[PDB]
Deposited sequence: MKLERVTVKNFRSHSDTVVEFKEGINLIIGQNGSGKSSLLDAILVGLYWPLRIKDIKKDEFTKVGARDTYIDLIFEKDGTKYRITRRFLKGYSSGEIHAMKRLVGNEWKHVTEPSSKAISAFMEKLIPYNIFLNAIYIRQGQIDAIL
């Protein structure tokens, strides 16, 4: 898989952040409290909500040749939609609900595969050494 772009609004220190990801090594430099950390959290929320780790998160990624887009908005209440790109427009891949989207993602890119094979965090290194 590959990430293409993420938009984060009103999440932690992010008021309106947009980050594009490209091929190769994408380096995100920042000091503590800069928002670099919360940006990765927004991506995790975007992909795997619900999980524990107006807020708006829009993430576009690529998987097996198909371009996907997950959009979440936390008002009260919450809105969730996951679509696929077809030609020039985005179409729902499943019911626009938290449970349906979460079930779809666990089949498309299981959470355990993401944390065990993609996401590297300090805790894992510490555990290894």
Problem set entry | Sequence ranges absent from the coordinates, based on the deposited chain and numbered from 1 | 54-67, 90-93
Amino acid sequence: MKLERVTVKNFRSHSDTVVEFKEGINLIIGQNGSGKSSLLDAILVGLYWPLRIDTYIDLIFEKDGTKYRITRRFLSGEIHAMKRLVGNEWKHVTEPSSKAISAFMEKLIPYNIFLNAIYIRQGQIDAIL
From here on, numbers count along this sequence of modelled residues.
Problem set entry | 41-49 or 86-94, whichever carries the higher mean Cα B-factor | 86-94
For this session: Could you tell me which one of 57, 81, 60, 75 shows the highest CA temperature factor in the PDB record?
Result: 75
Exercise. Would the CA B-factor of residue 71 place it in the lowest, middle or highest third of its chain?
Worked result: lowest
Problem set entry | Chain-relative CA temperature factor third for residue 121 | highest
Problem set entry | Entry-reported Cα temperature factor of residue 1, expressed as the chain third it lands in | middle
For this session: Sort the modelled residues of this chain by their C-alpha B factor and say whether residue 14 lands in the lowest, middle or highest third.
Result: lowest
Exercise. Considering only modelled residues of the same chain, in which third does the CA B-factor of residue 32 rank: lowest, middle or highest?
Worked result: highest
